[PDB]
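So in the entry's author numbering, spot 19 of the sequence shown is number 19, and the numbers just go up one at a time. Just so you know, even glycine gets a beta-carbon here, dropped at the ideal spot from N, CA and C. Notes for the one structure printed next.
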Amino acid sequence: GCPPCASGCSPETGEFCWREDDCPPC
Numbered sequence: 001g002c003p004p005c006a007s008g009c010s011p012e013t014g015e016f017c018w019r020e021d022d023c024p025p026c
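Right, dumping it as structure tokens:
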């Protein structure tokens, strides 16, 4: 499943691209 406020992205560098539905909104 997708990780919260990550969804495959590279968080902690200005990336908050979260996934909808299966993932909680960031």
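Contact check, residue i vs residue j under 8 Å by CB: the rounded distance?
i, j, result
"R19", "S10", "About 14 Å; that fails the 8 Å criterion."
Could you name the residues of the same chain whose beta carbon sits closer than 8 Å to that of residue i, not counting the 5 residues immediately before and after it, in chain order?
i, result
"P4", "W18, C23, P24, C26"
Below 6 Å CB to CB, which residues in the same chain sit around residue i once its five sequence neighbours on both sides are set aside?
i, result
"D21", "none"
Excluding the 5 residues preceding and the 5 following residue i in the sequence, name in chain order all residues of the same chain whose CB lies nearer than 7 Å to its CB.
i, result
"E15", "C9"
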